[PDB]
Amino acid sequence: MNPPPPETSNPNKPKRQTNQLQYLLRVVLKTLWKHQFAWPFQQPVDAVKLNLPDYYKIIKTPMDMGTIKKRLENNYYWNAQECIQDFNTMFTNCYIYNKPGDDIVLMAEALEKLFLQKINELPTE
Ligand SMILES: O=c1cc(-c2ccc(O)c(O)c2)oc2c(O)c(O)ccc12
């Protein structure tokens with residue numbers, strides 16, 4: 001069964017736009033999105049569709065790039081570090097739910113390397 005997906009708006013949470021957050025959307029997310037391994041990570045895990053009834057029994061902080069994209073578009077984040085933490089949660093969820101050597105883990109490992117490559121240098125404010 002599926003829990004509600006992570007929020008992408010929250011009226012009482014303070015919003016912010018920075019050069020780094022704009023970069024995280026325009027270059028980091030939108031480039032990763034096009035990678036041949038991006039497809040599993042473009043939407044919340046649908047445990048009913050994918051037949052993973054234990055996914056949310058194991059993963060208590062779900063995250064995916066579709067949620068991240070919507071948060072960036074909505075200026076949901078205060079700073080770039082908050083957004084980077086969501087990417088890191090997404091990758092670690094994959095490693096936690098699975099095991100070394102699985103096809104999905106190989107995909108996450110490749111995407112994490114590309115992600116780190118792109119966040120190594122960010123614009124200045
Ligand atoms: O973490 C994941 C794990 C799996 C997965 C699927 C079938 C299996 O037999 C298995 O052992 C693991 O599938 C995913 C997926 O399809 C996504 O879109 C995003 C994340 C995952």
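Here, residue 1 is the first one in the sequence, and each next residue gets the next number. Computed from heavy atoms alone, side chains included, the values below leave out hydrogens, waters and symmetry copies.
Judged as a ring-ring contact (aromatic ring centres under 6.0 Å, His included), the pairs with a partner in residues 33-54 (not counting sequence neighbours) are, in order, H35-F37.
Clustering of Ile, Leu, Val, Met, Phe, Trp and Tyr side chains at separations under 4.5 Å places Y56 together with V45, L50, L52, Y55, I58, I59, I96, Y97.
Between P100 and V105, every side-chain heavy-atom pair lies at or beyond the 4.5 Å cut-off. The side-chain heavy atoms of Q20 and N79, taken from C-beta on, include no pair separated by under 4.5 Å. Between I84 and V28 there is no side-chain heavy-atom pair separated by less than 4.5 Å. Contact annotation: the side chain of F87 never approaches that of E112 to less than 4.5 Å [non-hydrogen atoms, C-beta and beyond]. Using a 4.5 Å heavy-atom cutoff, the side chains of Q42 and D64 are not in contact.
Under the 3.5 Å distance criterion, the side-chain polar atoms of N93 are matched with a main-chain donor or acceptor of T61. In this structure a side-chain-to-backbone donor-acceptor pair under 3.5 Å is present from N2 to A47. Not one N or O on the side chain of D102 forms a donor-acceptor pair closer than 3.5 Å with the backbone of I104. A donor-acceptor pair under 3.5 Å is formed between the side chain of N98 and the backbone N or O of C94. Without hydrogens or angle criteria, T31 side chain to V27 main chain gives a donor-acceptor distance under 3.5 Å.
With respect to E109 and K113, no salt bridge is recorded, no charged nitrogen being found less than 4.0 Å from a carboxylate O.
Minimum interatomic distance between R26 and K30 (heavy atoms only, all atoms of both residues): O-CB, 3.5 Å. Heavy atoms only, all atoms of each residue included: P3 and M1 are closest at CD-O, 3.8 Å.
More than 12 non-hydrogen atoms from other residues, nucleotides or ligands lie less than 6.0 angstrom from NZ of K60. Dense packing is recorded around CD of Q17, with more than 12 heavy atoms of other residues, nucleotides or ligands lying under 6.0 Å away. Environment of CG in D54: crowded, with over 12 heavy atoms of neighbouring residues, nucleotides or ligands closer than 6.0 Å.
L106 and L114 are assigned to two separate hydrophobic clusters, defined by single-linkage of ILVMFWY side chains at heavy-atom distances under 4.5 Å. Residues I119 and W78 fall into different hydrophobic clusters, defined by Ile, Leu, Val, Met, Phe, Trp and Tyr side chains chained together at heavy-atom separations under 4.5 Å.
Paired with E82 under the rule salt bridge (charged side-chain N to carboxylate O under 4.0 Å, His left out), one option of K15, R16, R71, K13 passes, and it is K13.
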Legend entry - side-chain contact (heavy atoms from CB on, under 4.5 Å) assessment of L72 paired with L21: CA-CA 7 Å; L72 288 162; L21 283 160; 3.8 Å; yes
Inset, instruction - Evaluate side-chain hydrogen bond (donor to acceptor under 3.5 Å, both in side chains) for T89 paired with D86, printing each intermediate quantity in order. - result: CA-CA 5 Å; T89 294; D86 279 350; 5.1 Å; no
Inset, instruction - Check the pair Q85 / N88 against side-chain hydrogen bond (donor to acceptor under 3.5 Å, both in side chains), numbers first and verdict last. - result: CA-CA 5 Å; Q85 288 170 359; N88 280 326; over 6 Å; no
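Separating the NZ atom in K69 from the CG atom in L32 is a distance of 13.5 Å, to the nearest 0.5 Å. The line from OG1 of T67 to CD of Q43 is 9.5 Å long, rounded to the nearest 0.5 Å. Atom CE of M90 sits about 8.5 Å away from atom OH of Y95, to the nearest 0.5 Å. To the nearest 0.5 Å, atoms CG (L122) and CD (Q81) are separated by 9.5 Å. Distance check: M107 CE to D103 CG gives 8.0 Å after rounding to the nearest 0.5 Å. Within the model, atoms CG of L29 and CZ of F115 stand 9.5 Å from one another, a figure rounded to the nearest 0.5 Å.
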